[PDB]
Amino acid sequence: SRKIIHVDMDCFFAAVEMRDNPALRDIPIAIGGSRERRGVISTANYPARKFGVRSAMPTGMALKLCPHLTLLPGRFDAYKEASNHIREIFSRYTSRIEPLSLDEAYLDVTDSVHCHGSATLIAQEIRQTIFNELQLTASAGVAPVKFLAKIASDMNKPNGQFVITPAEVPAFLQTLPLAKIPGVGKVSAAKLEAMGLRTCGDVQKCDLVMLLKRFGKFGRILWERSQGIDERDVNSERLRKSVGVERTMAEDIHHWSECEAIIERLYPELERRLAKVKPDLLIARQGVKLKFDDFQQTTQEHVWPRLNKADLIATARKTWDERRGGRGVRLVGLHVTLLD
């Protein structure tokens, strides 16, 4: 009975760079760390996507695929300001807004009577207003539940939208690959595949008890989504639970002196961020993370009442001594868990 819109900015980071500097519009560009910083692609424009460049791709791999790729470091304040403006635009239509990141959000427009209650037309006018006021484009999905609205906002990217009507949900589900369902990633998909389950169609012919056994709470979400069942309400009141800061070295470190020097560079950053939402720096836990050169990672965290540099250093020394094992370390991170 509800109407959910999922709105999604196209090539968001890249799109802001291209607006601000038009000479980037028709050449392949990407935001991400450089190859020597051991970077990863955050996102790429469509001329770069043509070459196979994707989010989360190692920058070294992107550059082999697209040698003339232009790498930008990214400008958070620019993306943030675009994001605020966009969210303020959503607020013109409803207060039922659940942001999932800078670039996107769910809207529950069930009880709105903008555009004669048309969720299709509301989505259209939001995309138009965003183009008008920010010169960036958005795609949208309109559906009776969250996850279908989110899948839908991809159907007609870029700068388009897609509507899934209650009567259309069954045909839509029947051939929908499980991997397109939010929270079904590569490991899940492959495990499902090895059971003969590829599509929501397949999952409908499956015993619930049995999915509960092999997958726990995940198996129930699976069975529900496959039916088109998604009762999760649009929640406009979510609050951040943690604050973390980490860096990957251009080169693996092998000595503790190097590790402590990195922590001293991280700590002020963790403190400035935490203070932004907790001026008194009071927290529930603090902890450290190490990532080794074989990519295993370990965290050590404990109840602690107030952000403290020396105890983070101390904690990192124990973690360093105990679980490094002569391995090179590629990443150091600090972490706090916020009070409830």
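Counting begins at 1, following the sequence as shown.
Trainee: Taking the recorded C-alpha temperature factors, which stretch has the higher mean, 17-25 or 328-336?
Mentor: Comparing 17-25 with 328-336, the higher mean C-alpha B-factor belongs to 17-25.
Trainee: Should the higher mean CA B-factor in the entry be assigned to 177-185 or to 205-213?
Mentor: On average, C-alpha B-factors are higher across 205-213.
Trainee: Which is it among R272, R54, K289, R306: the one with the largest CA B-factor in the entry?
Mentor: Reading the PDB entry, the winner on C-alpha B-factor is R306.
Trainee: Using only the C-alpha B-factors in the record, can you name which of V145, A140, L100, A250 has the highest?
Mentor: Reading the PDB entry, the winner on C-alpha B-factor is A250.
Trainee: Using only modelled residues of the chain, where does the Cα B factor of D108 rank: lowest third, middle third or highest third?
Mentor: Middle third of the chain for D108's C-alpha B-factor.
Trainee: Test of reading the entry: by CA B factor among the chain's modelled residues, which third contains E237?
Mentor: Highest third - that is where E237 ends up once the chain's C-alpha B-factors are sorted.
Trainee: Would you mind ranking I283 by its C-alpha B-factor against the rest of the chain and naming the third, lowest, middle or highest?
Mentor: Within its chain, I283 is a middle-third residue by C-alpha B-factor, going by the deposited values.
Trainee: Ordered by C-alpha B-factor within the chain, which third holds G33? Give me lowest, middle or highest, please.
Mentor: CA B-factor rank for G33: lowest third.
Trainee: Could you place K64 in the lowest, middle or highest third of its chain by Cα temperature factor, using the values in the record?
Mentor: Its C-alpha B-factor, which the entry lists for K64, ranks in the highest third among residues of this chain.
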